[PDB]
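# Chains, contacts and geometry: an overview
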Amino acid sequence: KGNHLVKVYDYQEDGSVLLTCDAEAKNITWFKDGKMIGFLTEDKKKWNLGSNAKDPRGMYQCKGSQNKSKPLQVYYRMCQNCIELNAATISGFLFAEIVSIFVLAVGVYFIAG
Amino acid sequence: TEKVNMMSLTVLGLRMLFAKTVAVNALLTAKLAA
Amino acid sequence: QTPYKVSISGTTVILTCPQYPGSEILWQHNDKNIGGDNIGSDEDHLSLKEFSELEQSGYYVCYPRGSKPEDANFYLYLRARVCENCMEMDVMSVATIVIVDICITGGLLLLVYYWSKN
Amino acid sequence: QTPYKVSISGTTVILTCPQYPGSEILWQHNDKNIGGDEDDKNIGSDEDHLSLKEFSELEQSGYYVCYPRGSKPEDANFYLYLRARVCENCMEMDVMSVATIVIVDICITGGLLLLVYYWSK
Amino acid sequence: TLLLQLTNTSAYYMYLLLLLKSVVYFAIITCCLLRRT
Amino acid sequence: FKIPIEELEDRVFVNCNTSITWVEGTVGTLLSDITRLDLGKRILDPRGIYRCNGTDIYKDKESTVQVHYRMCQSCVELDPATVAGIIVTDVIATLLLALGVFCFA
Amino acid sequence: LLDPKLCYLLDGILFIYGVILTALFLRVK
Amino acid sequence: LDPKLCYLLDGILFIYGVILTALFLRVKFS
Ligand SMILES: CC(C)CCC[C@@H](C)[C@H]1CC[C@H]2[C@@H]3CC=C4C[C@@H](O)CC[C@]4(C)[C@H]3CC[C@]12C
């Protein structure tokens with residue numbers, strides 16, 4: 001281990017990310033972004049974050065009965081806003097802009113009063 | 001996969017909205033010309 | 001202190017170790033030495049070519065040469081899914097394209113409206 | 001004979017078994033008592049219903065079994081295997097469950113349009 | 001499939017832009033109509 | 001008896017030491033080999049009340065195991081932020097269209 | 001899992017409108 | 001083989017609808 005308690009649960013198909021730090025004691029305090037963020041009780045040991053599609057980030061920390069531990073700064077890039085502009089997307093956007101602008105301009109032209 | 005099918009519904013809603021609004025604009029422009 | 005910085009552009013994953021700039025530093029990926037034969041190999045700069053979601057993803061720790069790594073500051077976890085030339089639209093990009101769109105629509109309609117009266 | 005029912009709404013999941021309608025029923029999940037502990041708000045029983053809050057795919061998804069007092073753990077001959085991958089406020093709809101609503105909206109829009117068109121005449 | 005997500009999120013923003021164009025056009029024409037009447 | 005619901009990479013299996021009898025629900029695809037059953041893919045959500053006989057240590061007794069699956073992939077994660085705005089703006093759009101029709105006449 | 005089918009849904013609806021308006025035009029041309 | 005054929009077909013259909021509407025509203029005015 002070498003004084004690195006915080007880990008991340010792996011081997012999961014559910015769209016959620018969790019944490020895990022091992023401290024054989026009671027009242028194993030938790031942390032997030034250095035500042036105090038919570039606590040821990042019996043019957044559960046894993047702090048939860050939610051879906052990975054929201055891209056969790058920031059430094060995370062845990063502490064048992066020992067001194068200040070070291071973080072597990074997590075980075076995710078589940079994009080989910082992923083426009084691919086290679087050969088058939090920039091052209092489509094350009095055409096949809098041009099023809100819409102033209103059809104708007106014709107209508108504005110045909111207003112004389 | 002529960003979010004891929006959500007954007008595939010928002011796109012349907014937006015296309016529906018655009019089809020309604022183009023008719024709105026066409027009708028109001030036809031009125032304005034008269 | 002200093003977090004770990006990563007920047008990705010398409011299939012080119014770039015990350016560096018903003019911890020010890022003037023030093024000599026090595027690498028692992030899931031407790032396996034990585035670097036030197038692709039894969040970028042600089043004292044702090046590094047490139048992941050041909051990044052994959054399910055085969056290059058794990059604990060990126062960055063130790064100086066001659067120092068066993070369990071005494072380092074902290075680790076990184078990275079589960080990036082890459083594209084083939086796709087763009088990540090944050091809240092700024094959508095806003096700027098919307099603003100330029102409405103500006104170019106207004107400035108083009110008000111031109112023909114002035115032309116309608118001729 | 002005696003059936004089983006299970007309803008999943010969003011994240012919370014509720015189970016019920018009518019095997020013993022005349023007696024309130026204790027439960028198990030891979031040989032451990034889960035019915036009645038006056039704590040762990042994530043779970044909790046009722047006269048018949050048992051609710052499992054924050055359901056997880058990889059845990060508490062096993063051989064549920066409902067048994068009353070005076071019943072051995074192996075005395076019950078009816079079991080269940082459940083595997084549910086649930087999320088927060090998510091339901092099921094296919095193409096024909098959205099086609100109907102889109103057609104209904106189009107039809108009601110056309111009906112209002114014709115009602116307001118004939119009204120001007 | 002990833003390709004479906006890419007195409008879908010490509011079309012969503014384009015249709016949002018078209019909707020914004022339609023809204024601004026409606027604003028212009030309704031201003032003209034109010035000026036006329 | 002606990003009937004092992006064996007899981008392949010993407011297929012589920014029902015394993016009992018004696019032929020499996022289907023009573024209510026989905027009969028699935030019966031393997032030609034005796035004492036095995038392929039309900040279907042893990043994503044088609046099989047279900048149904050089944051029945052088998054005693055195992056290698058516990059003969060001459062019979063019980064049942066209901067099987068349920070909700071590994072949904074046709075699911076939609078909708079939020080009340082966008083799905084409500086869509087309805088509200090559709091209502092305002094059809095109101096605008098109805099107002100526009102009156103102007104036409 | 002749902003997108004390709006919803007394509008033909010809206011594509012067909014507008015096609016119906018186009019054909020109907022074409023018939024209306026051809027009855028008055 | 002149809003990721004974008006959807007919207008490609010839809011784009012042409014909208015254009016034809018708008019064009020045919022433009023001619024129709026003309027005749028209605030007479
Ligand atoms: C984005 C869209 C809605 C912009 C407007 C495009 C359409 C609706 C416009 C552009 C050209 C317009 C036509 C131009 C000329 C005439 C002849 C006039 O005697 C009656 C109105 C009529 C028939 C107009 C109806 C509206 C019209 C068809």
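Residues numbered from 1 in each chain as written, not as in the entry; some residues may be left out. Chains lettered and ligands numbered in written order. Heavy atoms only, no water.

Determination of this PDB entry was carried out by cryo-EM to a resolution of 3.8 Å, according to the record.

Moving on, we get to the interface of chain C and chain A. Counting residues at the interface gives 33 residues for chain C, matched by 32 residues for chain A. Here chain C packs against chain A, burying approximately 3100 Å² in sum over the two surfaces, 58% of which is carbon and sulfur. For the pair chain C and chain A, the number of links is one salt bridge. Of the charged contacts, one joins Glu88 of chain C and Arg77 of chain A as a salt bridge, the two residues approaching to 3.8 Å between their closest N and O atoms. (Contact = heavy atoms within 4.5 Å. Buried area = accessible area lost by both parts, 1.4 Å probe. Salt bridge = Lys/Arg side-chain N within 4 Å of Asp/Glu carboxyl O.)

The assembly contains 19 pairs of chains in contact; the pair sharing the most contacts is chains A and C. With no contact between them, chain D and chain H keep their nearest C-alpha atoms 16 Å apart.

A few words now on the site of the ligand. Taken together, 13 residues lie around the ligand, and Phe110 of chain A, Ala26 of chain B together with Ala22, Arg26 and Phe29 of chain H are the ones closest in. Those residues lying near the ligand are distributed over chains A, B, E and H. Protein chains bury 83% of the 600 Å² of accessible surface belonging to the ligand in isolation. Along the lines of polarity and charge, the residues of the shell around the ligand split into ten nonpolar, two polar and one charged. (Near = heavy atom within 4 Å. Areas by Shrake-Rupley, 256 points an atom, 1.4 Å probe, with all protein chains shown as cover. Nonpolar A, V, L, I, M, F, W, Y, C, P; charged D, E, K, R; others polar.)

Turning to the nonpolar core, a few remarks are in order. The biggest cluster of nonpolar side chains holds 21 residues, and the ones touching the most others in it are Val8, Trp30 and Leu72 of chain A together with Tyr77 of chain C. Within the residue set of this core, elements represented by two or more residues are strand 1 (6-8), strand 2 (17-21) and strand 5 (60-62) of chain A. By residue number, the principal contributor to this core is strand 2 of chain A, which donates three residues. Those residues in contact with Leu72 of chain A that lie beyond four places of it in its chain are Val6, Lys7, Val8 and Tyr60 of chain A together with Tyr59, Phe74, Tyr75 and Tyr77 of chain C. (Core = buried A, V, L, I, M, F, W, Y, C linked by side-chain atoms within 4.5 Å. Buried < 20%, exposed > 50% of the residue type's maximum accessible area, 1.4 Å probe, protein only. Helix = DSSP H or I, 4+ residues; strand = E, 2+ residues; numbered from the N terminus.)

Residues and elements named next belong to chain A. In spatial order, the strands read 1-2-4; together these three strands make up an open sheet with antiparallel pairing. Each end of this open sheet is capped by a strand with a single partner; those strands are strand 1 and strand 4 (48-50). Direction aside, neighbouring strands of the sheet carry axes that sit 25° apart on average. Where strand 2 lies against strand 4, two bridges are found, and the strand directions are antiparallel. Bridge pairing links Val17 to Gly50 in strand 4. (Pairing = 2+ DSSP bridges. Axes fitted to C-alpha atoms, helices over the stretch in contact; angles between N-to-C directions.)

The next subject is the UniProt feature "disulfide bond" in chain F. Residues and elements named next belong to chain F. Measuring from sulfur to sulfur, the annotated disulfide partners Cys16 and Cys52 are 2.0 Å apart, close enough to count as bonded by the 2.5 Å criterion. Of this pair, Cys16 sits in the loop between strand 2 (11-15) and strand 3 (21-25) while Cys52 sits in the loop between strand 5 (48-51) and strand 6 (64-70), and the two are 36 residues apart along the sequence. As far as burial versus exposure is concerned, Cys16 and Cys52 are alike and both buried. (Disulfide = S-S within 2.5 Å. UniProt positions renumbered as here; feature names shortened; annotations may be inferred.)

Attention now moves to a nonpolar patch on the surface. A surface patch of nonpolar side chains, amounting to about 530 Å² of accessible area, comprises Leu85, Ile90, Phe93, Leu94 and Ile98 of chain A together with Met87 of chain C. Take the nonpolar patch: its biggest share by element is four residues, from helix 1 (residues 90-109) of chain A. We classify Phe93 of chain A as partly exposed; its relative accessible area is 34%. (Patch = residues over 30% accessible without salt bridge, like charges linked within 9 Å, V, L, I, M, F, W, Y side chains within 5 Å.)

Here we take up the state of the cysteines. In this structure the tally under the stated criterion is nine disulfides over all chains. Covalent S-S linkage joins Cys17 of chain C and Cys62 of chain C, the inter-sulfur distance amounting to 2.0 Å. Between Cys17 of chain C and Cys62 of chain C, the S-S torsion sits near 110°, and that sign places the bridge as right-handed. Note on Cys17 of chain C: relative accessible area 5%, which makes it buried. What pairs with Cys17 of chain D in a disulfide is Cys66 of chain D, and their sulfur atoms sit 2.0 Å apart. Negative torsions about the S-S bond denote left-handed disulfides, and the value of about 115° found for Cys17 of chain D with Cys66 of chain D makes this one right-handed. Placement of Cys17 of chain D in the loop between strand 2 (12-16) and strand 3 (26-29) and of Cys66 of chain D in strand 5 (residues 63-67) is noted, with a sequence separation of 49 residues between them. With a relative accessible area of 1%, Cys17 of chain D lands in the buried category. According to the relative accessible area criterion, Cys66 of chain D is buried, its value standing at 3%. Numbered by position along the chain, the disulfide-linked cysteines of chain D connect as 1-2, 3-4. No disulfide involves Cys31 of chain E; its sulfur sits 6.5 Å from the nearest other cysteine sulfur, which is in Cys32 of chain E.

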